[PDB]
Amino acid sequence: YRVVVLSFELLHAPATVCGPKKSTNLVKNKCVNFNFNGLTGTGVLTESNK
Amino acid sequence: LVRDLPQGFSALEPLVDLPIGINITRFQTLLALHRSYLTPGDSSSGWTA
């Protein structure tokens, strides 16, 4: 049946291999709160700037 | 520049973290020896550093 099995060694779980992934448009200039990925903080909307 | 190492204005960068589950107490580096093509009459082996 063409079996395929992954490994997931888990000995280095705290790494940069996470892949949750999402997308939603952001519009600034309003009283909003939001948080994605993670840094423990809230900011203002709209993607990309400087 | 005039200084070979004691100065410089930059920022060092980490690249990739790696686990190694074994005790480490001694280290040694390598060196590459270039093969030198000698004449048949030499009948010897030499390397260029």
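Those protein sequences? They're chains C and A, same order as listed. Just so you know, we're using the deposited numbering here: the first sequence kicks off at 508 and counts up by one. Just so you know, we're using the deposited numbering here: the second sequence kicks off at 212 and counts up by one. Every residue, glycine too, gets a C-beta built ideally from N, C-alpha and C.
Quiz item: Can you name the residues that DSSP bridges to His245/A?
Solution: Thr259/A
Quiz item: Nearest-angstrom Cα distance between residue 165/A and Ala260/A?
Solution: Outside the modelled stretch of chain A, which goes from 212 to 260, sits residue 165/A, for which no answer is possible.
Quiz item: Is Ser514/C near the ligand HEM, in the sense that its beta carbon is under 6 Å from a heavy atom of that ligand?
Solution: No copy of the ligand HEM appears in this structure; indeed no ligand is present at all.
Self-check item: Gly545/C versus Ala222/A: straight-line alpha-carbon distance, rounded
Solution: 25 Å
Quiz item: Thinking C-beta only, is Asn556/C closer than 7 Å to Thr549/C?
Solution: no
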